[PDB]
Amino acid sequence: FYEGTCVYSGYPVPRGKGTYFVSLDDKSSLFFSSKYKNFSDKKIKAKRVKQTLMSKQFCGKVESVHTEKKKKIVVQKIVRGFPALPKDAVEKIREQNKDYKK
Amino acid sequence: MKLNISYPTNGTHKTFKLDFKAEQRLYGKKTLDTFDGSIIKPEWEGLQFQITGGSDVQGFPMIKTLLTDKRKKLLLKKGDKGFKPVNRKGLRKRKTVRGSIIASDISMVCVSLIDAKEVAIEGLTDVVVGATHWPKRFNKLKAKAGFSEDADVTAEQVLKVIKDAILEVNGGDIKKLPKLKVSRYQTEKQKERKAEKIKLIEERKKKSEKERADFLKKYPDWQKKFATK
RNA sequence: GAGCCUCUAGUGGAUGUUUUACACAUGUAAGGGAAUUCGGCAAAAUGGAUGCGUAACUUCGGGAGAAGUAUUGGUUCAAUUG
RNA sequence: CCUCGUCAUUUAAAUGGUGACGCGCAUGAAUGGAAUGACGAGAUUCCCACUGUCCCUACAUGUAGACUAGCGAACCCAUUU
RNA sequence: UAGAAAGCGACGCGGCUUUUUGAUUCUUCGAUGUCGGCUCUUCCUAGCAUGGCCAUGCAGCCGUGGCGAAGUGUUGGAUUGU
RNA sequence: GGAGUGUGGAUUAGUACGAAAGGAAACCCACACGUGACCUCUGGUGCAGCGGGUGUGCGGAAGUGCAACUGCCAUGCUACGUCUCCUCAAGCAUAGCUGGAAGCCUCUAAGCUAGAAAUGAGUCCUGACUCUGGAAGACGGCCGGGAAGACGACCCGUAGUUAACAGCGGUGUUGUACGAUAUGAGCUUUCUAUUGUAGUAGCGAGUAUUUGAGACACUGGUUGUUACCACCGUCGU
RNA sequence: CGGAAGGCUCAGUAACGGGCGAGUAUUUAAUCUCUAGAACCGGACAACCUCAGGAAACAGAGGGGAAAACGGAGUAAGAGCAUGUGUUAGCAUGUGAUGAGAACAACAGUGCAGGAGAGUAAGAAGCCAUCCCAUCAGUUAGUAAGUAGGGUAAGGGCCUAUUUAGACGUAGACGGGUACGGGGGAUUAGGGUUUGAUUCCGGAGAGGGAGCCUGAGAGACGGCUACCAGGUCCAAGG
Ligand SMILES: [K+]
Ligand SMILES: [K+]
Ligand SMILES: [K+]
Ligand SMILES: [K+]
Ligand SMILES: [K+]
Ligand SMILES: [K+]
Ligand SMILES: [K+]
Ligand SMILES: [K+]
Ligand SMILES: [K+]
Ligand SMILES: [K+]
Ligand SMILES: [K+]
Ligand SMILES: [K+]
Ligand SMILES: [K+]
Ligand SMILES: [K+]
Ligand SMILES: [K+]
Ligand SMILES: [K+]
Ligand SMILES: [K+]
Ligand SMILES: [K+]
Ligand SMILES: [K+]
Ligand SMILES: [K+]
Ligand SMILES: [K+]
Ligand SMILES: [K+]
Ligand SMILES: [K+]
Ligand SMILES: [K+]
Ligand SMILES: [K+]
Ligand SMILES: [K+]
Ligand SMILES: [K+]
Ligand SMILES: [K+]
Ligand SMILES: [K+]
Ligand SMILES: [K+]
Ligand SMILES: [K+]
Ligand SMILES: [K+]
Ligand SMILES: [Mg+2]
Ligand SMILES: [Mg+2]
Ligand SMILES: [Mg+2]
Ligand SMILES: [Mg+2]
Ligand SMILES: [Mg+2]
Ligand SMILES: [Mg+2]
Ligand SMILES: [Mg+2]
Ligand SMILES: [Mg+2]
Ligand SMILES: [Mg+2]
Ligand SMILES: [Mg+2]
Ligand SMILES: [Mg+2]
Ligand SMILES: [Mg+2]
Ligand SMILES: [Mg+2]
Ligand SMILES: [Mg+2]
Ligand SMILES: [Mg+2]
Ligand SMILES: [Mg+2]
Ligand SMILES: [Mg+2]
Ligand SMILES: [Mg+2]
Ligand SMILES: [Mg+2]
Ligand SMILES: [Mg+2]
Ligand SMILES: [Mg+2]
Ligand SMILES: [Mg+2]
Ligand SMILES: [Mg+2]
């Protein structure tokens, strides 16, 4: 069981520890400890705090969502699937055409 | 939660409900992730699936390039997914969308089966379908006409394809026979009109070029007469 | 010839023990901010230089650093006191 | 004196402060009377900033203090308490 | 509202208390530190709240007069040395 | 010696009661003040530990003194945190039962019943005089520690899962060591051979790699090495 | 291809807001006159087909398929720069970034690429006239100018760097108050005094401020985006 994920550090927070801070902007935000809340107030950018999970991902020391570079699975050619023309007949027509073309 | 499965070798579709444990094993994934069918059902070993997209329960779409578990508002143009502009060019509008990361928000996930292997998934494997339209363009038609890298009159190929339809489909019949037509190949009406443009340029040249000499016969001192304003 | 740090020249003893409470010299403090007390007593806050901008009243000299605001380290350059 | 005088303003609340009023127990003109500026470690009231003064106390440092070696007094005392 | 006595009780009469201020000068003038606040403990009852009851001009709600009872409570501020 | 005290909400109920308007009565749950403890969490504190900068010292860098400033933070201590708090017996005032005096009546003259946050016990803290047991040796000092502490006293250990140093596992705190190497807003044009070619550089804040590095602690886990078997007194048979 | 016109109002503005001349330092889809075009290849988007989300408003997957729509190839053409020669077109020579293109129907026609000149519309400019208060006398520092560059369709402190101290005022500067401006209206012997929101022309706005895509042309609101002031529907999520 977890309480959530810390906003600044990126660290997952155990059940029964940490605190929520609610701003007048109406947002609610979860912090691991007083240490990282204070660093937010003082406008220290998280990417510079080298032990944070955020910083390590940004540097590429840890594999993260940005590294993945996924692409759509490529398929192959089919026996010409076209309206009316039954799949099997084209398997035959294509051959017959290839013959005549030679 | 629904799951919507497409099988692109067959052209077939099926929708199923998931159970809790199946659902909870999908959480954390994103579009263009892959998994093995064994994680959704018992059996289905070695069937590889890819995640395509889906919908929030509020109805907002999942977007392929917004890597978060949250809703945002984005300014969207024509050609962006999630927006369909119509009555003014250059229109752009701000709409709510959801990030790609899967969680309890989602009502439906779309999935493609890459290969059914030895398995017999109902409805996906039991049917094979084709396309909806026919290649109008000549070279697209030719490839389908089975030929390659040889020269024909379109009539030959139209004859081949029509005869094959009569034979292979109907074994004789007036059914089928969709209204096949060909683009990007010169018909006789085009041969004439394309000859005529050659006639135009050849005369317009000679006529223009004549008058120059005809002028110079009369006016040797063209420049000295004209220029003194 | 301030405070802080060094060169020349000069300097030191009632013994051991980690040592409660109450003291005397000092530090720091969530949320609140004089509710404390005869009384803000004590403490905190402000602080140098450069620029912008400065009221009532006045014996016309002053008030005046009024008030109120912004800037300031290291490096590598231009320009010569800006 | 009566007296914490009456009316207005300052506070949630004013035996306080400032502004008015005046038959003033017992104000008043070099026994000097009245209105201001600049300057007071002078007396008094309010506001902003600031805070362990307070709600309500907690923790930590140095030096004494407890215990130990060497050295070594005084105030006071009818005393059986 | 009838009616002495639910509640009151004129004109008169008998007591108790030492928490007010007097009255007196017994003890201390070769010295018993004098007002108020702060802090902290214990006692008294002539009972304000909280518990059990009786009367009522006690319908109910809210009260008023009395009885046994001293276990637990009785605050934060403004002006002023009070 | 002594300890729990009070308030509110919901339900009875818009009910009884009243012409109407209005308008009551257990059990359960939340809280405040008081009492006794406790650090798992959250605040606070910074002695041990890791980092940063200013002025000036040890020729430079590295390691660092003094004046003092500053970010984080083990163990511990603490409240602004968390847990805690009822049951018998005899009976007051009163209201009653039976019942004479006094053929009737009557709570009272004998006798009996219900009865208060009050009284006396138990559960809670202190612990007088006692009681039951083992054995010819017992006990104290000296040596080393703490969960205990002003000093005594208390809880413990002394040839062993004993202590201390190292590996190798484990659990934390700080934030990425020294040295190399590469880059860097810009600024610059030096040298050797030798006539003309070739060789051919300097100065620089910072940033990235090697490197969740390096430092520091604790381990009731496991291996190696090293040290320790005494002595003095009192009472008894 | 049009939705940038017409319709409504007079808040703001003492000013390129108004009258008269002139045609540039500029850009202009349509339309006119003259002239004027040998080009190959590839995917998608919407609708269609199969699933299928959401309270609604509004959207998803997967697979075909067109153009005179779109992107690439060659190729004509071709900005700027430099020197000759003709102000100035044009021509010569060197160097070159860039880089395209529509046909179709016969009721007998309708379109579309390039140039040069017109035509329409804007942008910027010249001269002259413009209300009250002195109980408002000094105002300004991109302010006044110069050199060089960036920017724009284009001249220019329009903006920026270094130099020069200018510019405007009792013939009323600067500040404040007030005002849509004319053609015109009412009164009138003559000289005057008063008014003009209101058929024509030109300007500005779309609750108040600010930014913007598309296009030949908007800083557009019967287009988009954010704040401030107000509202409407919900199944509470929009
Ligand atoms: K801290
Ligand atoms: K359309
Ligand atoms: K000196
Ligand atoms: K000095
Ligand atoms: K005060
Ligand atoms: K006072
Ligand atoms: K004092
Ligand atoms: K004067
Ligand atoms: K002053
Ligand atoms: K008063
Ligand atoms: K007053
Ligand atoms: K007198
Ligand atoms: K006098
Ligand atoms: K006199
Ligand atoms: K003084
Ligand atoms: K200490
Ligand atoms: K000592
Ligand atoms: K005396
Ligand atoms: K005194
Ligand atoms: K009572
Ligand atoms: K009491
Ligand atoms: K704790
Ligand atoms: K702590
Ligand atoms: K030193
Ligand atoms: K802490
Ligand atoms: K009884
Ligand atoms: K007792
Ligand atoms: K014995
Ligand atoms: K010991
Ligand atoms: K390093
Ligand atoms: K590192
Ligand atoms: K819903
Ligand atoms: Mg504080
Ligand atoms: Mg604070
Ligand atoms: Mg007080
Ligand atoms: Mg002081
Ligand atoms: Mg006072
Ligand atoms: Mg007065
Ligand atoms: Mg006098
Ligand atoms: Mg007395
Ligand atoms: Mg004395
Ligand atoms: Mg005496
Ligand atoms: Mg005494
Ligand atoms: Mg009594
Ligand atoms: Mg320390
Ligand atoms: Mg051990
Ligand atoms: Mg118009
Ligand atoms: Mg109208
Ligand atoms: Mg107006
Ligand atoms: Mg093309
Ligand atoms: Mg300048
Ligand atoms: Mg008008
Ligand atoms: Mg407009
Ligand atoms: Mg607009
Ligand atoms: Mg409009």
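Here is the naming used below: chain letters follow the sequence lines, and residue numbers restart at 1 for every chain.
Using a cutoff of 4.0 Å between basic side-chain nitrogens and carboxylate oxygens, A:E91 and A:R80 are not scored as salt-bridged. A salt bridge is defined here as a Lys NZ or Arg NE, NH1 or NH2 lying under 4.0 Å from an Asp or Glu carboxylate O, and A:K37 with A:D41 meets this definition. Salt bridge present: B:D221 and B:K224 bring a charged side-chain N and a carboxylate O closer than 4.0 Å.
Contact annotation for A:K56: base contact, defined as any heavy-atom pair under 4.0 Å involving a base atom. Residue B:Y7 is classed as having no contact, given no heavy-atom separation below 4.0 Å to the nucleic acid. Within the 4.0 angstrom heavy-atom criterion, only backbone atoms of the sugar-phosphate kind lie near B:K140; the bases stay farther away. Residue-level contact check: B:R204 touches the bases, meaning some heavy atom is under 4.0 Å from a base atom. Among the atoms of the strands shown, only primed sugar atoms or phosphate atoms (P, OP1, OP2) are found under 4.0 Å from some heavy atom of A:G16. Contacts of B:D56 with the nucleic acid, taken as non-hydrogen atoms under 4.0 Å apart, involve only primed sugar atoms and P, OP1 or OP2. At the heavy-atom level, B:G79 lies nowhere under 4.0 Å from the strands shown. Counting non-hydrogen atoms under 4.0 angstrom, B:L91 reaches the backbone sugars and phosphates but no base. Counting non-hydrogen atoms under 4.0 angstrom, B:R184 reaches a base of the nucleic acid. Residue-level contact check: B:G53 touches neither bases nor backbone, having no heavy atom under 4.0 Å from any strand. Using a 4.0 Å heavy-atom criterion, one finds that B:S55 contacts the sugar-phosphate atoms exclusively. No engagement by B:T12 is indicated, since no non-hydrogen atom pair under 4.0 Å with the nucleic acid exists. Contacts of B:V109 with the nucleic acid, taken as non-hydrogen atoms under 4.0 Å apart, are absent. B:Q190 comes within 4.0 angstrom of the backbone, heavy atoms only, and of no base.
The CD1 atom of A:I44 sits 13 Å away from the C1' atom of F:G175 (whole-angstrom rounding). Between B:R98 atom CZ and G:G54 atom P the separation is 14 Å, expressed in whole Å. Straight-line distance from the CD atom of A:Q51 to the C1' atom of F:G51: 12 Å, rounded to whole Å. With rounding to whole Å, B:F138 atom CZ is found 14 Å from G:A66 atom P. The distance between atom CH2 of B:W134 and atom P of G:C49, rounded to the nearest whole Å, is 18 Å. With rounding to whole Å, B:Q58 atom CD is found 18 Å from G:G60 atom P. Going from atom CG of B:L74 over to atom P of G:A226 covers 12 Å, rounded to whole Å. Summarising the geometry, the separation between CZ on B:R193 and P on G:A102 is reported as 16 Å, rounded to the nearest angstrom.
Taking 3.5 Å as the upper bound for both contacts, C:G51 pairs with C:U69 in Watson-Crick or G-U wobble fashion. With the cut-off at 3.5 Å for both distances, F:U161 forms no Watson-Crick or G-U wobble pair with F:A10. Here G:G90 is matched with G:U85 as a Watson-Crick or G-U wobble partner, both contacts being under 3.5 Å. Applying the 3.5 Å cutoff to both bonds, G:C58 and G:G53 register as a Watson-Crick or G-U wobble pair.
Classified by its glycosidic torsion, F:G23 falls in the anti category, the angle being over 90° from 0. Taking 90° from 0 as the syn/anti boundary, the base of E:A23 is oriented anti. For G:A103, the base adopts the syn conformation, since its glycosidic angle falls within 90 degrees of zero. E:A2: glycosidic angle within 90° of 0, hence syn. In this structure G:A102 sits in the syn conformation; its chi angle is within 90° of 0.
Side-chain nitrogen and oxygen atoms of B:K84 include none within less than 4.0 Å of the OP1 or OP2 phosphate oxygen of G:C58. One finds a side-chain N or O of B:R137 lying less than 4.0 angstrom from the OP1 or OP2 phosphate oxygen of G:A67. Neither OP1 nor OP2 of G:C58 sits under 4.0 Å from any side-chain N or O of B:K95. Put simply, A:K35 has a side-chain N or O that comes within less than 4.0 Å of OP1 or OP2 on F:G175. Residue B:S107 places no side-chain N or O under 4.0 Å from the OP1 or OP2 atom of G:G53. For B:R92, no side-chain nitrogen or oxygen approaches OP1 or OP2 of G:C224 to under 4.0 Å.
Neighbouring bases C:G33 and C:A34 form no stack, their six-membered rings failing the under 5.5 angstrom centre or under 30 degree plane limit. In this strand, E:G37 sits stacked on its neighbour E:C38; the base ring centres are under 5.5 angstrom apart and the planes under 30 degrees. For G:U147 and G:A148, a centre-to-centre distance below 5.5 angstrom and a plane angle below 30 degrees are both found for the six-membered base rings. The six-membered rings of F:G91 and F:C92 are unstacked under the 5.5 angstrom centre distance and 30 degree angle criterion. A stacking criterion of 5.5 Å and 30° is not met by the six-membered base rings of adjacent nucleotides G:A165 and G:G166.
Nearest nucleotide to the B:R94 side chain, out of G:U225, G:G65, G:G238: G:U225. Of all nucleotides listed (G:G237, G:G62, F:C72), F:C72 comes nearest to the side chain of A:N38. Relative to the side chain of B:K93, the nucleotides G:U225, G:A39, G:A220 differ in distance, and G:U225 lies closest. Comparing G:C41, G:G65, G:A52 against the side chain of B:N139 picks out G:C41 as the nearest. For B:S208, the side-chain atoms get nearest to G:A36 when compared with the rest of G:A59, G:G64, G:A36. Side chain of B:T15, nearest nucleotide from G:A67, G:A52, G:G60: G:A52.
Between B:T52 and B:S112, the side chains place no donor N or O within less than 3.5 Å of an acceptor N or O (distance only, hydrogens not considered). One side chain, B:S38 or B:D36, offers a donor N or O that lies under 3.5 Å from an acceptor on the other. For the residue pair A:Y100 / A:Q96, no side-chain donor-acceptor distance below 3.5 Å is found, with atom types taken as modelled.
Cluster membership check: B:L177 shares its hydrophobic cluster with B:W134, using side-chain heavy-atom separations under 4.5 Å among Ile, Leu, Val, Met, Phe, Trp and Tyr.
Here B:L91 contributes atom CG and B:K84 contributes atom NZ; the two are 14.5 Å apart, rounded to the nearest 0.5 Å.
Within the 4.5 Å cutoff, the side chain of A:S29 has no heavy atoms near those of the A:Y20 side chain. Contact annotation: the side chain of B:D69 approaches that of B:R98 to within less than 4.5 Å [non-hydrogen atoms, C-beta and beyond]. A heavy-atom distance below 4.5 Å is found between the side chains of B:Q157 and B:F138.
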Could you list, one pair per line, each protein nitrogen or oxygen that sits under 3.5 Å from a nitrogen or oxygen of nucleotides 75-77 of chain F, together with the distance?
none

Contacts under 3.5 Å, N or O only, protein and nucleotides 205-208 of chain F:
residue: F:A208; atom: OP1; partner: A:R48; partner atom: NH2; Å: 3.1
residue: F:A208; atom: OP1; partner: A:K50; partner atom: NZ; Å: 3.2

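Ring centroid separation for the pair A:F31 and A:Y36 does not come in under the 6.0 Å cut-off.
Nucleotide C:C77 has no partner under the Watson-Crick or G-U criteria, as no pair reaches both atom distances under 3.5 Å. Under the Watson-Crick and G-U wobble criteria, each requiring two contacts below 3.5 Å, nucleotide C:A30 is left unpaired.
Note that B:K78 lies outside the cation-pi zone of B:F83, set by a 6.0 Å cut-off to the ring centre and a 45° limit from the axis.
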